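Just below is one structure, and these are the notes that go with it.
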Amino acid sequence: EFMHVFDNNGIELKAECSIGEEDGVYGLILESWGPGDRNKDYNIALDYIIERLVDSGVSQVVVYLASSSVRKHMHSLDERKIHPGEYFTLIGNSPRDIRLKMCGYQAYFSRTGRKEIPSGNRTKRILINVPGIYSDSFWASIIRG
DNA sequence: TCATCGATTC
DNA sequence: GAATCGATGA
């Protein structure tokens, strides 16, 4: 029912994902980590996704908060975009440091809206879009390794 | 039963 | 500041 991200040696990570169109945006959904060991490889999987996107010649993405709570309470897609600008930049740092910046933006969301001060979980259900990519085969090669 | 993120530990 | 745990309400 769910696809998974695979590591560099072809081993399945504990990181459920899906490829398709959600709220009019085509890309990769990374499922949330929790409770306990549910999708506990979230951060490792996201580091791999960022590394492979960069290796594939992708420099910028758009990332939306896609939790059931935020989809319900925040109707505006532009408000669900986690980063302030049009795009999030993947180049100019290690995949881990890019990932830390990306996931820091998740801390600005509550169940019902934005916070002024960031706090809490940074391993939420997210939708990652590559502008001009509408094909599952591109995303299949990112999560496969 | 379940994904949610606040809360706690790192 | 960030990884992990686990109380919570649907």
Side-chain angles (χ1 to χ4, degrees), chain A residues 1-56 58-130 133-134 136 138-145:
Chain A
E1 68 190 356
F2 277 113
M3 291 176 184
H4 302 86
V5 184
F6 287 76
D7 73 15
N8 52 317
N9 302 138
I11 310 309
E12 194 179 301
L13 294 173
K14 296 317 198 310
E16 292 168 338
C17 59
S18 69
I19 302 166
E21 173 270 301
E22 178 162 304
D23 298 322
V25 175
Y26 196 87
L28 184 66
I29 301 278
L30 188 59
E31 292 295 303
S32 64
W33 166 11
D37 283 342
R38 178 173 162 273
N39 298 316
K40 74 179 215 165
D41 288 331
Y42 182 103
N43 283 333
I44 297 152
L46 187 45
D47 291 347
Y48 280 130
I49 288 157
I50 291 160
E51 185 182 6
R52 295 165 183 178
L53 282 168
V54 171
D55 286 356
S56 306
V58 176
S59 77
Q60 298 189 304
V61 294
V62 189
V63 190
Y64 304 91
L65 217 309
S67 73
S68 62
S69 290
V70 167
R71 287 194 62 260
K72 172 177 182 164
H73 288 109
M74 294 183 61
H75 291 220
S76 171
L77 184 57
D78 189 64
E79 286 184 43
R80 298 204 295 275
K81 180 168 60 61
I82 69 173
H83 45 88
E86 191 156 39
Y87 305 109
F88 182 77
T89 296
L90 297 186
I91 64 173
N93 271 294
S94 67
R96 170 163 196 274
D97 294 330
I98 295 298
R99 185 264 291 166
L100 285 173
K101 187 178 165 52
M102 188 188 286
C103 294
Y105 288 130
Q106 298 187 29
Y108 285 88
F109 294 84
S110 64
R111 274 185 184 77
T112 63
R114 285 181 168 281
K115 307 156 182 157
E116 227 61 75
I117 301 182
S119 74
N121 189 265
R122 309 170 174 200
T123 65
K124 301 181 178 166
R125 189 170 185 280
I126 53 164
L127 172 55
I128 310 164
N129 168 261
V130 176
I133 294 291
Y134 302 88
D136 59 349
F138 173 81
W139 280 116
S141 64
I142 296 303
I143 64 173
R144 154 200 315 147

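Numbers restart at 1 for each chain; the letters A, B, ... are given by sequence-line order, proteins then strands.
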Exercise. Think A:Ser32 has a side-chain N or O under 4.0 angstrom from the OP1 or OP2 of B:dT4?
Worked result: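 For A:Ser32, the contact criterion (side-chain N or O under 4.0 Å from OP1 or OP2 of B:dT4) is met.
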
Exercise. Does A:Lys124 have a side-chain nitrogen or oxygen under 4.0 Å from the phosphate oxygens OP1 or OP2 of B:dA3?
Worked result: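 So the side chain of A:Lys124 is outside the cut-off, no N or O lying under 4.0 Å from OP1 or OP2 of B:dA3.
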
Nucleotide [N], atom [atom2] - distance to [atom1] of [X] in whole Å:
{"X": "A:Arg71", "N": "B:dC5", "atom1": "CZ", "atom2": "P", "result": "13 Å"}
{"X": "A:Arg125", "N": "B:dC2", "atom1": "CZ", "atom2": "P", "result": "16 Å"}
{"X": "A:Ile126", "N": "B:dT4", "atom1": "CD1", "atom2": "P", "result": "12 Å"}
{"X": "A:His73", "N": "B:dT4", "atom1": "NE2", "atom2": "P", "result": "13 Å"}
{"X": "A:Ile117", "N": "B:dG6", "atom1": "CD1", "atom2": "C1'", "result": "15 Å"}
{"X": "A:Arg114", "N": "B:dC5", "atom1": "CZ", "atom2": "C1'", "result": "16 Å"}

Exercise. Can you say whether the rings of A:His83 and A:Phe88 are parallel (under 30°), tilted (30 to 60°) or perpendicular (over 60°)?
Worked result: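 Ring orientation of A:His83 relative to A:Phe88: tilted.
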
Quick one: side-chain contact (heavy atoms from CB on, under 4.5 Å) partners of [X], sequence neighbours excluded?
{"X": "A:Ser110", "result": "A:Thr112, A:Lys115"}
{"X": "A:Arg144", "result": "A:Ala140, A:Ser141"}
{"X": "A:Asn9", "result": "A:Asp7, A:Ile11"}

Exercise answer: donor-acceptor pairs, residues 20-31 of chain A side-chain atoms, under 3.5 Å, sequence neighbours excluded:
unit_1  : atom_1 : unit_2   : atom_2 : d
A:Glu21 : OE2    : A:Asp23  : N      : 3.2
A:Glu21 : OE2    : A:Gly24  : N      : 2.9
A:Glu22 : OE1    : A:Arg125 : NH2    : 3.1
A:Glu22 : OE2    : A:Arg125 : NH1    : 2.8
A:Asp23 : OD1    : A:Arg71  : NH2    : 3.0
A:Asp23 : OD2    : A:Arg71  : NE     : 2.8
A:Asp23 : OD2    : A:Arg80  : NH2    : 3.1
A:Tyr26 : OH     : A:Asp136 : N      : 3.1
A:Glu31 : OE2    : A:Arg125 : NE     : 2.9

Problem set entry | Under the salt bridge (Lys or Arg N to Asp or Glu O under 4.0 Å) test, residues paired with A:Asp41 that sit two or more places apart |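 Partners of A:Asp41 by the salt bridge (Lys or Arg N to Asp or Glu O under 4.0 Å) criterion come out as none, since no residue qualifies.
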
Seminar exercise, completed: Nucleotide by nucleotide, nucleotides 1-10 of chain C touches protein heavy atoms under 4.0 Å in the pattern (B base, S sugar-phosphate only, - none) -SSBBBB---

Exercise. Listed by chain and number, what are the side chain to side chain donor-acceptor pair (under 3.5 Å) partners of A:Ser94, not counting sequence neighbours?
Worked result: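 Side chain to side chain donor-acceptor pair (under 3.5 Å) check on A:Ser94 returns A:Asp97.
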
Exercise. Residues two or more places apart in sequence or in another chain: which of them pass side chain to side chain donor-acceptor pair (under 3.5 Å) with A:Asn121?
Worked result: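 A:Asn121 satisfies side chain to side chain donor-acceptor pair (under 3.5 Å) with A:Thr123 once adjacent residues are dropped.
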
Exercise. Going by number, which of residues 77-85 of chain A have a non-hydrogen atom under 4.0 Å from DNA chain C?
Worked result: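 By residue number: none to list.
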
